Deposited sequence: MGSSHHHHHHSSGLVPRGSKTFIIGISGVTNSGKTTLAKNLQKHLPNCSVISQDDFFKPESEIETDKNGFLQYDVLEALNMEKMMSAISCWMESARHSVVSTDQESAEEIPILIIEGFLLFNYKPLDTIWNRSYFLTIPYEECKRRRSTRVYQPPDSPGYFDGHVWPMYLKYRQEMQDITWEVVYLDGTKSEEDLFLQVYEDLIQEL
């Protein structure tokens, strides 16, 4: 027999800011066995390593703002743990990686067994963004001056993507999105 324990199923949830990515990941995780979640936002660099543009906007919404080597190390640590998560006697451990900037990171371009992408239009995204507090906070004009233009850059970067993505309407309710993804996912596992 082919030894078990080495298989994993990795799900990517990306999408624009404030589109429900973290909540979706957590709702899926509550309904999937032996499932972990890694969040991209846990890997931002310290503000001293973050550059500022001509107009004084901090450059957070770009891969250079993230310690992606550290995030890879976290993925690898999950994989090591996953190999011991099922006692020997297939139950395939699940990882959900969720973050606003995943699908343009080339070292991970072959990791994704399923990929979802949450979308919300400009107006509602801006509204939702204004309800959240970041550290540091959004400066005046930050949405138009940085967040949205960087999101558009990301979407254009994804124009030549080498795997399939399922795009989701992030204006749908949390339960609606959970059920849609769960219905898809349980056919892929």
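Visitor: Return the ranges of the deposited sequence not covered by C-alpha coordinates, sorted by sequence position.
Guide: Those stretches are 1-13, 103-107, listed in order.
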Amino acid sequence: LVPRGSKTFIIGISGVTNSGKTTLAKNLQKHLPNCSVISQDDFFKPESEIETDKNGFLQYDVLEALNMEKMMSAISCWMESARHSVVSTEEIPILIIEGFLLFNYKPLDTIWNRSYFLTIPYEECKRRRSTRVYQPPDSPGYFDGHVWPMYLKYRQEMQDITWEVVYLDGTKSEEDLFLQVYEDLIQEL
From here on, numbers count along this sequence of modelled residues.
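Here, rigid core means the biggest group of C-alpha atoms that superpose within 1.5 Å across both forms.
Visitor: Quick one: core-superposed, which stretch strays further from the shown model in 6 other deposited structures of this protein, 109-117 or 73-81? Go by RMS C-alpha distance.
Guide: With the rigid core fitted, 73-81 is the stretch that strays more in 6 other deposited structures of this protein.
Visitor: Which is farther from the shown form in 6 other deposited structures of this protein in C-alpha RMS with the core fitted, 144-152 or 45-53?
Guide: The more displaced stretch in 6 other deposited structures of this protein turns out to be 45-53.
Visitor: Please confirm whether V87, modelled here, goes without coordinates in at least one third of the other compared entries that cover both its neighbours.
Guide: Per the records, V87 goes unmodelled in at least a third of the other entries.
Visitor: Is the mean CA B factor in the deposited entry higher across 134-142 or across 66-74?
Guide: That would be 134-142.
Visitor: Quick check on the record: does 156-164 or 23-31 carry the larger mean Cα temperature factor?
Guide: It is 156-164.
Visitor: Please place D109 in the lowest, middle or highest third of its chain according to the CA B-factor in the PDB entry.
Guide: Middle third by C-alpha B-factor.
Visitor: Per the entry's values, where does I50 land by CA temperature factor relative to the rest of its chain, in the lowest, middle or highest third?
Guide: Highest third of the chain for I50's C-alpha B-factor.
Visitor: Can you tell me which third, lowest, middle or highest, the CA B-factor of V86 falls into for its chain?
Guide: Ranked within chain, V86 CA B lands in the middle tercile.
Visitor: Should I120 be placed in the lowest, middle or highest third of its chain by the C-alpha B factor in the entry?
Guide: Tercile = middle for this residue's CA B-factor.
Visitor: Looking at the C-alpha B-factor of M150, is it in the lowest, middle or highest third of its chain?
Guide: It belongs to the lowest third of the chain when residues are ordered by C-alpha B-factor.
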